[PDB]
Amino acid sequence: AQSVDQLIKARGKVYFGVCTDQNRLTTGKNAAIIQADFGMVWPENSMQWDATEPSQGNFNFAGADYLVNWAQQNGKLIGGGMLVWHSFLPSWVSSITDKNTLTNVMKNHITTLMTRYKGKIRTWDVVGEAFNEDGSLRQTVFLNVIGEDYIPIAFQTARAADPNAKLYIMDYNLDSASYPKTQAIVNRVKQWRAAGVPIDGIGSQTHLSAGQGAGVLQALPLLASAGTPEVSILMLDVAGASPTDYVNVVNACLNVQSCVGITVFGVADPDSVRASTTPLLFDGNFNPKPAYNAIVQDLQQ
């Protein structure tokens, strides 16, 4: 079959990507499908905080290095993250109560990861899942100890570490224009950028139920109205994998000039965190599903 990354490039976008890691690249038919069909890889787990800094200042890059080396060998773009996130946080971080201490820990974690791969990473997800569903800021250790300034500090630190990388904020449940979280991230990103905070993109972590694709056609233009140079669909999966939902998400990105591309959450259904909903584009035999063929056909026209 045809390569959705090649076809989305022909439509003027940058990539169609996928999340993966060493475990996937050495099993199944994941490596071959990524080689053929996807233009960017993102680490499932190998660049998260618990994987890379399980004890303070004792960094472990084995899995991340594997992915970066594989991507360079195979000519793929690389995304990295998440640099600052309350999930997959080791306990040594969440037990810090001193502002100066946590600020220095966070800056060092960001700078160390970004320096190691300087110039090789297209996009870094700097901060993820920072908002509550009601649009207030999520009360994580970073917010509780450092304060609201932790987000500007994180982005300023990242820009200094690798000025070539695009810096993104990411969140989920940004799939409806009227949802409080969608409104808040737009408004706060406008304000941060007006104050000079270097936020280059908003990444929408799109986990849909059946029929929710239609709402993205209005939500993504709203996210783009915050003025970042880029937006993207990240970690996409769709319960039931209806072609209608998948084609709506692709068309939303095609309709938004600043949408650079789409990343799906994995290759094949059996490796999904919600496999009973068969939510991805390849089935358990690694055959492309009707939704994959529908995206191809949509992009060809």
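From 1 onward, residues are counted along the sequence shown.
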| field | Mean C-alpha temperature factor, higher of 54-62 and 33-41 | value | 54-62
| note | Mean B factor on CA atoms, stretches 97-105 and 76-84, record says higher is 97-105
| Among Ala224, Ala71, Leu217, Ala161 - the residue whose C-alpha B-factor is largest in the record | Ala161
| task | Could you say which of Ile169, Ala194, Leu174, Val231 has its CA atom at the highest B factor, as listed in the PDB entry? | result | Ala194
| remark: Temperature factor at the Cα of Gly201, chain-ranked in thirds, falls in the lowest
| said: Per the entry's values, where does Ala294 land by CA temperature factor relative to the rest of its chain, in the lowest, middle or highest third? | reply: lowest
| request: Grab the CA temperature factor for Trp92 from the record and place it in the lowest, middle or highest third of its chain. | output: highest
| Ranked C-alpha temperature factor of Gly284 among modelled chain residues, by third | middle
| remark: Of the three thirds of Cα B-factor ranks in this chain, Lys181 occupies the middle
